[PDB]
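What follows is one structure encoded as C-alpha cells, with my remarks underneath.
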Amino acid sequence: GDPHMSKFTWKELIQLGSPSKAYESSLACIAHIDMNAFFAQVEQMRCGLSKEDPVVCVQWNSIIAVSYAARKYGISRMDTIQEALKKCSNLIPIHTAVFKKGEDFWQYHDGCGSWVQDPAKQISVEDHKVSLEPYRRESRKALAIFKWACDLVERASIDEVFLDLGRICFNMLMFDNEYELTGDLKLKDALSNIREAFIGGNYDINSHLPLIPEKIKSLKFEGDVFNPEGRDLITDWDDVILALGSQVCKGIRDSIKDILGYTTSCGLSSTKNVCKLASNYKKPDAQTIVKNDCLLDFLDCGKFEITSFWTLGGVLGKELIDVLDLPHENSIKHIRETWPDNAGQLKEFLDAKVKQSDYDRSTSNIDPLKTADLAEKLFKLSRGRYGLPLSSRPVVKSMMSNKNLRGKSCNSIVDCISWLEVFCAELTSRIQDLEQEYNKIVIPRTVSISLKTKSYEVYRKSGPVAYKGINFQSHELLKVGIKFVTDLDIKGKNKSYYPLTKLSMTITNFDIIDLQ
DNA sequence: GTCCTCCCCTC
DNA sequence: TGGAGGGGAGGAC
Ligand SMILES: Nc1ccn([C@H]2C[C@H](O)[C@@H](COP(=O)(O)OP(=O)(O)OP(=O)(O)O)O2)c(=O)n1
Ligand SMILES: [Mg+2]
Ligand SMILES: [Mg+2]
C-alpha cells in the first residue's frame with residue numbers, strides 16, 4: 001500500500017482513452033507544436049530556398065518573421081529592413097503578398113519593396129493592403145496533417161497547435177505488440193503485468209496502479225528532457241506515458257517536415273500551459289519534455305513569471321501582482337510557497353482583498369464571485385498542474401480585413417468605399433476557398449466596421465449581413481460596409497475625422513453548413 | 001430572449 | 001507594428 005504503489009490510479013489511466021476527460025488526468029500527455037519562424041519558412045518553401053538562406057518576411061518596412069539562418073546575424077522580429085541589411089549583407093527580404101487598391105485579387109511582387117532602389121519596384125503603403133493568405137493556406141495544410149495523426153487537435157493560432165495524445169499513448173501502452181525497447185525486449189513483455197491486469201479486467205477503477213516494472217525503465221524519451229537536477233527518467237506511469245508520447249510526437253513532427261518542409265519546436269507535458277512554455281524553450285527543430293517531477297525545476301528556472309502564463313500577460317496579471325503583493329522576480333515560487341497547502345489559503349486571501357469597501361469592482365478584472373476558480377487556477381499554475389481542455393475549433397469563427405492608413409490615403413467616403421471594395425473581394429475569396437477545401441457552405445451573418453480618425457478616435461458599427469449565395473457574397477458585404485461607413489461619417493460630423501488612420505471589416509459570426 | 005458596443009487576451 | 005484572431009460583459013433593444 002501507498003508508497004508501495006504508484007501515485008496514479010486505474011481511473012486516471014483509463015481516462016486517457018476519453019477525449020472529453022483525458023486532459024484532467026494527472027497522466028495526461030499534451031503536446032504544443034509551434035512552427036519555427038513560420039512566415040519566413042513559408043516564403044523559403046515558396047521560393048525554393050534552403051534552411052541556410054537568411055530569409056526575412058517583410059511587411060511594409062518591418063520584419064515580421066526571421067529565419068533561423070538570419071537570426072545567426074543578430075536579426076530580430078520588428079527590426080526594420082534597413083537595420084537588418086546592416087547586420088547581413090546576404091539577406092533575402094521577401095515582402096508579404098499584397099492587394100492593390102482598385103483590384104480584387106492578391107499577388108506577390110517578388111523583387112519589390114522599400115529596400116529596392118528602382119522606383120518602379122516599390123510596394124507603396126498608400127496603394128496596397130497585405131494578404132496573409134499564403135500563411136493561412138499553409139497553416140490549414142499543417143492542420144490537416146495534425147488531425148490525420150491525432151483525434152483531438154486545437155488550432156491555437158496561425159502557427160500553433162495543441163494535441164491530446166491520450167488515445168495514442170493509452171493504445172500503445174496497452175495494445176502495441178511490435179514496439180521494441182531494446183534488441184532483446186519488447187514493450188509487450190516489459191508491460192506484461194499491467195496488460196494482464198487490463199485484459200483480465202479484474203481491477204477496481206479507484207485502486208492505485210502497481211509500481212512500474214523495472215523493465216519499463218529501458219523505454220527512452222525522444223527529445224530533450226528538461227532535467228537540471230539529474231532526476232531519474234522513468235519512476236512512475238506518468239513518465240511511461242510521456243515517453244511514449246514523445247516517440248509519437250516526433251513521428252508527427254517528422255510528417256510535417258517531410259510533407260510540407262517545416263521545422264517545428266514542441267513542448268510535451270501533462271498540461272497545455274506547461275507545453276506552451278516548453279515549446280518555446282529550445283528552437284529550432286527541438287522537442288522539450290517536462291516530466292511531472294521536473295515541473296518546479298522548469299517553472300523556477302528563472303525564465304518565467306506568473307505573467308508568462310496564458311491569460312495573465314496583460315492587465316489582470318498586473319492587478320494580481322499588486323493584489324497578491326508578488327515580487328518582481330520568482331513570482332511563481334512565491335505564489336507556491338506563500339499558499340503552500342491548498343487553494344483555499346489563497347482564496348481566503350483574495351476574498352479579504354476584494355471585500356474591502358475601497359476595492360473598485362468597476363475597474364478590477366477579478367470577479368469577486370469567482371475567487372474559488374481564480375485561487376485554484378493560480379495554485380495549480382504555480383505547480384504546473386493546471387489542466388485546461390483542448391477545443392476543436394470550427395472551420396472559421398471570424399474573418400478580418402484591415403488597413404492602417406498613412407497620409408491622406410483615406411480622406412473621404414470615396415476613399416473608404418474604395419478600401420471596402422478590396423476587403424469585400426478578399427473576404428469573399430477566403431470564404432470560397434474554405435467552402436471548396438472543407439466541403440461546407442460558409443455563410444456570413446454579422447459584419448463589423450471599425451475605424452480610427454486622424455485623432456485616433458475609434459468608431460465602430462456592427463449588424464446583420466444578408467445571404468444570397470457565394471456569387472453575390474461580395475456585393476452583400478459591400479452593401480453593409482457602405483451603410484456603416486456612411487452612418488459613422490454622420491456620427492463624426494463636426495469632429496476630428498478625415499483622414500482616417502485605420503479602417504477594417506470583420507465578419508464576426510458565420511453559419512457553417514455541412515455537406516454530405 | 002438576442003444584439004451591439006466596448007474591452008481584454010494572444011500571435 | 002500591422003494585421004490578424006479568440007473571447008466575454010453588460011447595457012441596448
Ligand atoms: N506579433 C506577431 C507575432 C507573430 N506574427 C506572425 C509571424 C510569425 O512567423 C507567426 C508565428 O508567430 P511565432 O510567435 O510562433 O513566431 P515565429 O514562428 O516567427 O518564430 P518562432 O520560431 O520563435 O516560433 O505569426 C505576427 O505577424 N505578429
Ligand atoms: Mg512559431
Ligand atoms: Mg506562436
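Every chain is numbered from 1, with letters handed out A, B, ... down the list of sequences. For the numbers below, each heavy atom of this structure counts, side chains included, while hydrogens, waters and symmetry mates do not.
- South is the pucker assigned to the sugar of C:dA9, its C1'-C2'-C3'-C4' torsion being negative.
- Side-chain N/O atoms of A:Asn61 include none lying less than 4.0 angstrom from OP1 or OP2 on C:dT1.
- Closest to the side chain of A:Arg430, from the set C:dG3, C:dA4, C:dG5, is C:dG5.
- When distances run from any side-chain atom of A:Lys403 to the nucleotides B:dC8, C:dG6, C:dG3, the shortest one goes to C:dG3.
- A salt bridge between A:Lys257 and A:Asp285 is present, with a side-chain N of the basic residue lying under 4.0 Å from a carboxylate O of the acidic one.
- In this structure, A:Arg393 does not reach the C:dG5 phosphate: none of its side-chain N or O atoms is under 4.0 Å from OP1 or OP2.
- Of the side-chain N and O atoms in A:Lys129, one or more sit less than 4.0 angstrom from OP1 or OP2 of C:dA4.
- A straight line from CG of A:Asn280 to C1' of B:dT10 spans 13 Å, rounded to a whole angstrom.
- Side-chain atoms of A:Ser401 lie closest to C:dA4 of the nucleotides C:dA4, C:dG2, B:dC8.
- Cation-pi contact between A:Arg383 and A:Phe379: present, with separation from the ring centre below 6.0 Å and deviation from the ring axis of at most 45°.
- If you look at A:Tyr467 and A:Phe472, their ring centroids are not closer than 6.0 Å.
- Between A:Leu132 and A:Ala156, the residue anchored nearer the 5' end of DNA chain C, judged by the nucleotide with its closest heavy atom, is A:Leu132.
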Report each atom pair, protein N/O against N/O of nucleotides 4-7 of chain B, whose distance is under 3.5 angstrom.
{"unit_1": "B:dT5", "atom_1": "OP2", "unit_2": "A:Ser462", "atom_2": "N", "d": "2.7"}
{"unit_1": "B:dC6", "atom_1": "OP2", "unit_2": "A:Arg460", "atom_2": "NH1", "d": "2.8"}
{"unit_1": "B:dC6", "atom_1": "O5'", "unit_2": "A:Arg460", "atom_2": "NH1", "d": "3.4"}

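- In this structure, the ring of A:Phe304 has its center less than 6.0 angstrom from the ring center of A:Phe298.
- The listed nucleotides are C:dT1, C:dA4, B:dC9; the one nearest the side chain of A:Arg77 is C:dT1.
- Here the two rings, on A:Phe226 and A:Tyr281, have centers that are under 6.0 Å apart.
- Side-chain proximity of A:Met78 to C:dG3, C:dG5, C:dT1: nearest is C:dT1.
- Remark: A:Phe309, A:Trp310, A:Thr311, A:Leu312, A:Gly313 in residues 301-313 of chain A come within less than 4.0 Å of DNA chain B through at least one heavy atom.
- For A:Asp511 and A:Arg445, the salt-bridge test passes: some basic side-chain N is under 4.0 Å from an acidic carboxylate O.
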